[PDB]
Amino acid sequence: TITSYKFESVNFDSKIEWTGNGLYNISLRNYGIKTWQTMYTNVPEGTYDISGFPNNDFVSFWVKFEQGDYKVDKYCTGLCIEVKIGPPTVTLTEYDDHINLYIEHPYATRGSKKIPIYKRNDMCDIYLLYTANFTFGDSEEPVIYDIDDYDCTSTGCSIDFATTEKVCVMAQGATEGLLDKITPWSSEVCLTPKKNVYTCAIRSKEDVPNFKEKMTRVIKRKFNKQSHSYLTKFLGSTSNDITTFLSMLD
């Protein structure tokens, strides 16, 4: 007789913890599928990994315990609903003209392969919207920065920024929506960059007119009079196009 049972799943690594006397056969049935899938044969109480058996959806699955004629089924609402999502991993890398913040998505481990939990159809299409807490220098007022999903891929999110002082960062993810998954905060990482004048060619959409103004000046000083007008007309069309693309981020 099963005296205690608990199902838990973190980043899709599903485990069952139970107590009972003797050995038992453990099997699982997913909603919509007729056959029970045998997971363990004649095993004693303890904690067992059952990753891969429950379907990753919003419908239920049942874990059945059998010992001779004894039989009991344990109901679970649905893995996409029950699964907990661990914290992401943050890395700070220094470059000659900027600092890169890299947020690696929490991942599922299917054997030896690490599968990022980000918009995968086989993992509830779950993806996290990240918030990063930036600590600059010795400030006691961390800056709250919301990561734009456009800066994220299946692997993680990449944010380039610049400052001349020490910076520490930690990030947290949330899915919002139907599944209200909230992750724990990642560990904090710091980095001290070199003192430098950090500049950019095109800072934002509003900076394009300055880019155009400068390049018009460069063309005028760099090339002979004859090529001036032509090159400047192409600069005009390219400037309009850069603006058009940047407007896609509005």
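For every residue, the number given is its place in the sequence shown, counted from 1.
Student: Quick one: say whether 25-33 or 186-194 has the higher mean Cα B-factor in the deposited entry.
Tutor: In the deposited entry, the stretch with the higher C-alpha B-factor mean is 186-194.
Student: On average, which has the higher Cα B-factor in the deposited entry, 49-57 or 65-73?
Tutor: Per the deposited B-factors, the answer is 65-73.
Student: For the listed 85, 129, 79, 143, which has the peak Cα B-factor recorded in the PDB entry?
Tutor: Answer for 85, 129, 79, 143: 143, with the highest C-alpha B-factor.
Student: Report the third (lowest, middle or highest) to which the CA temperature factor of residue 180 belongs, ranking only the modelled residues of the same chain.
Tutor: Residue 180: CA B-factor falls in the highest third of its chain.
Student: Thinking about Cα B factors across the chain, which third does residue 248 belong to?
Tutor: Ranked within chain, residue 248 CA B lands in the middle tercile.
Student: Quick check for you: using the entry's CA B-factors within this chain, is residue 174 in the lowest, middle or highest third?
Tutor: It belongs to the lowest third of the chain when residues are ordered by C-alpha B-factor.
Student: Relative to the other modelled residues of the same chain, rank the CA B-factor of residue 150 and answer lowest, middle or highest third.
Tutor: Lowest third of the chain for residue 150's C-alpha B-factor.
Student: Using the B-factor values recorded in the entry, state whether the Cα atom of residue 161 falls in the lowest, middle or highest third among the modelled residues of its chain.
Tutor: Lowest third, going by the recorded CA B-factors of the chain.
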